[PDB]
Ligand SMILES: Nc1ncnc2c1ncn2[C@@H]1O[C@H](COP(=O)(O)OP(=O)(O)O)[C@@H](O)[C@H]1O
Ligand SMILES: Nc1ncnc2c1ncn2[C@@H]1O[C@H](COP(=O)(O)OP(=O)(O)O)[C@@H](O)[C@H]1O
Ligand SMILES: [Mg+2]
Ligand SMILES: [Mg+2]
Ligand SMILES: [Mg+2]
Ligand SMILES: [Mg+2]
């Protein structure tokens, strides 16, 4: 890694001043987004100067007030040196992204990553009347294989979950439906048992179980749904073999084991409203999409892609590729740095020259 | 006569009178508590009315034991088995004395 | 004690009346059994197993002496010496199975509490030698000499 | 040990008297079997196989390895 | 002089008698007596500096490092981790004195130590220890008779509590809570007199709830004629103050009924489910309405309750308290004059307790709430609430107030008193010495040793107060002999006078008699032991 | 501490009575039985391994007895009388 | 003879005993060590400490609070334990004065050690100290001034007290801003003393001057999936119901049927029961529904279909604070909509703070509950900001409860010392020396305050003693320049309760420690 915050937090420092510097890096990463190394260098140099200041016989309280005065003056100087910017100027955004990426391993792939980062930021916010960017709306997916040149900016969502309905893929004009109930035998929250005292009852048990499952699948199919997402379930089996077979026979692509924390992102991306009871499963709660397909990444795994959505949400997903895991992690960190730079450009839209110019101007 | 230590009184024991001038003593080997009828007893009901009836039946069994003890004319009740808080308060309300887990000797 | 099933005994209560009457009926049954035993003239009961609390209470009510011989050998020897037969159930004994003895009492020898089944006649099926002594080893040696 | 504060053991009263009598009786019983015409000799192995067969009391008590002072008194006697 | 026996036979064969006799230890006769006397003297000399108003405290630390600062003799000796058996005997003697009396737990140890110290030189002079014990018993009988002679009676009437207050003040004078001397004396006297059967019967200490909370000041300690409960109102929006509350004590959780017997309720249809849910809702509404119908304003439960019942109680304007302990339930029922009701069906108006004010009390910036119930009509239970600057002084105040309560209880049991400050000990020593002169020669030594041992308490008091022991004790004894006044003691507080009757230094006669008796019996036991057989294994 | 106190030193054993006599007689009988078969014109020879690595193939009783080591003192006395017989007259060692 | 110095060994292995001089030595050493450690963190120019834990996590904590310093250390000296418990109890009673009371107790015990070295019985010292405590308490009470009647004067007093409390802490950099912050936050409580109604939210990043008091309220929870994220003219209902597969509370209930169709019917009945409960809630006419417990998927979907915000898993503190800030009633049954009060606020929206999203309540109805956002550069800075602000809020709440105030900067300590000295000049015996030592410690407190700033402490303290002698009863240490001045003019004010508690607790602990002449330790476990 080259990120200052990552370097500082990765190695145990064991010294209280160093731990406070690590916390400082974390704060700079949280608020600004980059500059996590420059802030630590500045703090270290300030304390190093404080050594000679103290040796001269200056109390470490006049030093603090003088440093506060210097900080105020320097903030004024930097503000005076800044230049206004607007989000409609794509060139400045591209320059900022390229400058952020210039010091990372993806400096060579910046020509692809910087426009990707700018588009990712601008596609999840409203350019007018925006004060901050929620980077949780930009999901980053790391898939091993290929090179960094294979990074892609799918507009919809990509799910690492595989299609249980082996045999049917690439549904066109998909009508995606997200359910939060279980497609298995009936079961109540309170304790329930079925007692059999006759062979006719024993046959009727599985007969009526089959009828109930078939009715559930028919109700799902009648709405016009053809792609089904099933939330992950622990207490009760989410998708039984009978339910999967019935869904397969009606040409529906079933995707199960959807994580609970991913529901909000999926609903925002597609427009599908979650359903928890089959009674309320209607056609208007389905998320229309242009194409939902499962693509294999040249033998390095399978990714499920849903590209094209009616009334698309304000979320984008970035697929990061690399030869080995380390470069993938560093590429993810660098892309995050670029996104953070664009975000902190969204608020306080002011630009300054880099290249050490602000520091030397402040010194003079 | 006989004297023995106080044996783990429950709540409401301090409300019982602690001196009687001609008490009739009820010597018992009985667990006066709300508990299962038997360790291998199971109750099976399918109606809320039967549920309420079962609860009232347990309470009425305990109260029948207590009332049978009370109507005997005894004022001091000693048992080799535990005497619950409900029974202790019942005896307190009647100005009676109770003591559970009295040693066999 | 009242005999129990051998597979599994579950008291299935379905109404409040059964719940209220179960304990009363069980106690009445045990009392009837003990009174039926006592009505045959028996005044001493020797059992080879555990003694129920209600059984003990009703035996006390009818003035019946209870002895609990845990070991089966002692039970057989008492049956031999008294003339009774070990009944397998709690049914009252018939005249031929009825046990008779001249005197049964609780006595203390030294500091040991003993129960004595004593015949006035100088006969019977089993005779006992009561060994006294000042040491356990001395009594053991005397017992070896007796053997 | 205690208020006397001497680095060693101490026996007082009937205990030490009994110990002295026991030591003297041990020495006596060592040689009691070698008295009179119906007495018998003794073998004394000297820890390396050397054998001394004797009936004389002085030789037996001199060759023995004694530690109790009240018994050394009898040996020297 | 140890290790049992070691002879290994005259014939050289092994001689083993006792199991593992080569590692055991034993002691015989006179040196065993000397070791016991030395251990008892060490314990007594350690304890004698905590005697009188000028006595100092001991900082006691347990295994876990928790620290307690105390002056109580029984507490000090209980906290000690001793190994000598005689030390354990001394600790048990202090525990006995605390159990029977509650005061004088330090005087008994000093008296026993002095008795054994005199017995040491008596034995060195060649006297059988049984003779010493018999002489000690005779002198103790004489001293107890003299104590009965010079005793004085006090009134234990509720109308005039001045002698009781003086006795409580004398008891508390040696504790750290003497900064609020008369206040603690008054609260202790009132607490004991409130909860007591006036026909010279017992005082049930379970009706006195002594509870302390940090913060505030020691002067903030007050007597509450009611109950202090660590709980608060269940709903945060329930009112914090109820006036003229009609208490409703219940031991049934505000939940749907549940049979004790193993039960199963079968739901076989949708109608069954609807009936079940309607039954639950109706049970909640019915229980709340049953509580309300009696006219109660407050509800006290023992086993807690759930959300629906909580909101129904709040909605119906019934403040409620849950998870109240059984002892607290009983105390509240006793104080408010209300019955304890096991289920809602039996609740009625006549079983409702009445309290003048029920309030929730805050304790600064601590978030910890606490409930107060007081202003009852004829409360037969009382609560003592102790405040302080740290938990150590709180515990010390707890035990000091317990000592005061025990002293007033002893006064109720028997109202005869004797005058303290060493006056009683000096008079008893004089009586013993006078009785010795008429006694035959051989027991005179034991009688005079007992008198000298009795003299230790005034000397200890004078030493703790900085005065010269021998001169002051001799002068006070001479004054007692010259003019007949058994009330002359050691002016520990330097008030100018030596008459303890004017200084109002009063102790219970039972306390002195118990001190002398217990010390004599324990000294007799210690003198009668002439053999010890410890395992001597020094095991881990 | 408190080391044991006793009359005789440690490692000092003592046995008495019929046991000692029986042991002495058994030791003498064992000594006799060692060379019982080396007597007469039809005696067999014995091979003895010297601790210094030598070999003594001999029929004489005295050499056999003096080349072996024993711990029982009665056996030592028997070996001594064998040597005495050998020195005094020259032969008759395995007969005595 | 003593237990330890006896020919017989009377103790278990590992247990010891310390007699008079040794016990006094250990107690005094521990007390002086505690006092020297806690001091130098006193007064406006005090410095902070670093508490580096030895545990596996090795928690790092920078602090200026005396109570936190004393509680988070390994103490083995029993007298040091007594002082630590004193500091903790002082913190519990009031939020300030922990360092002051600890230092005062240490100085008192140092003077006690000197007096014992001068051959004075400790009971005489204790009696003299009791008299001195009475005199000092009476003088301090007579010196108190109350301004609760006048609202503007009381506001000025609150500002001065908050500034004085925050002067010694890390917030002294922005003392003015943080003083306004704390005063407004306390005044919003409308007289209630529950500091738990004030929530302190620490968000990493930003300057320390970026901290602010939200005009409404902030919640750190999240909204459902298909529910509105912005509501105007909200009608909030606060509840504490199940909403998680709500089971009938009959423990022994079970389903025993002979067909799976009946099982499906029972499941539909359960879902219909949940739907009916949701409809009963919606009958209240609400916009935002806040439940203390979890809300599963079916009720969340039902709320979303009705366009009702549903905030879930707002803990007990959350629902209490929302009820305080909006005026709603925390309900658990919904059969009487007319008997349930509904909270109201102008706007509910999601606000972006740092890299986290929070729910913002704006234009609340009551507002008797505050949220304070703290921004900092390090976690330690945020922790100290929270601790210092807690101290300020505690002192302000105490002042609101009891409006009597005294002058700080050493003025109060010097006036009590003057009263004690005047009493001492009126008493014969060594008790006069004890009272003189009491006054000496009382004067040593502002001496340490002056030492912490590097000033000429001896000269300043002598000047203060003189000025109080001629009758200047408001003179104190002017820490801006290093002179003496009028604390009435300079506005250096303190709560009377805090100073009274400090004095009384210090005297109490010194008295209880001095009474000990023997320390006995059991064998450690
Ligand atoms: N004000 C006083 N003046 C003189 N002597 C007192 C005074 N108060 C208590 N004493 C004496 O101090 C002795 C010790 O009392 P204390 O320490 O309170 O309890 P204990 O008897 O358990 O030691 C008592 O025997 C009493 O006579
Ligand atoms: N501006 C100030 N000028 C003079 N003295 C002050 C000022 N602010 C605080 N002090 C004094 O500093 C003392 C210590 O306060 P502080 O260091 O905050 O810790 P604590 O309040 O816990 O003792 C207080 O007694 C107060 O009188
Ligand atoms: Mg950068
Ligand atoms: Mg006392
Ligand atoms: Mg030959
Ligand atoms: Mg402060």
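The count begins at 1 with the first shown residue.
Keep in mind that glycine also has a Cβ here, set from the backbone N, Cα and C atoms.
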Selected residue, Swiss-Prot feature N6-acetyllysine, from candidates A:9, A:73, A:139, A:232: A:232
Record-annotated phosphoserine (source Swiss-Prot) among candidates A:132, A:166, A:334: A:132
Where Swiss-Prot places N6-acetyllysine when the choices are A:142, A:218, A:268: A:218
Packing count at residue A:218 (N6-acetyllysine) (other Cβ atoms within 10 Å of its Cβ): 11
Nearest-integer angstrom distance between the alpha carbons (Cα) of residue A:132 (phosphoserine) and residue A:256 (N6-acetyllysine): 34
Separation of alpha carbons, residue A:218 (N6-acetyllysine) and residue A:232 (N6-acetyllysine) (Å): 22
Fewest other C-beta atoms within 10 angstroms, as judged across A:114, A:132, which are the modified residues: A:132
A:232, A:249, A:256 as modified residues, winner by CB count within 10 A: A:256
Candidates near ligand 3 among the recorded positions A:34, A:132, A:218, A:232, A:249, judged by a Cβ under 6 angstroms: A:34
Spatial neighbours, same chain, of residue A:34 (Mg(2+) binding site) - Cβ under 8 Å, 6+ residues apart: A:100, A:337, A:340, A:341
Inter-residue Cα distance where the pair is residue A:249 (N6-acetyllysine) and residue A:256 (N6-acetyllysine), in Å: 17
DSSP state at residue A:114 (phosphoserine), helix/strand/coil: helix
For residue A:34 (Mg(2+) binding site): DSSP state (helix, strand, coil): coil
Distance from residue A:249 (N6-acetyllysine) back to residue A:114 (phosphoserine), taken between C-alpha atoms, in Å: 46
Subset of recorded positions A:34, A:114, A:132, A:218 within reach of chain G (CB-CB under 8 A): A:132
Rounded inter-Cα distance in Å - residue A:249 (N6-acetyllysine), residue A:218 (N6-acetyllysine): 11
DSSP-derived structure type at residue A:256 (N6-acetyllysine), helix or strand or else coil: strand
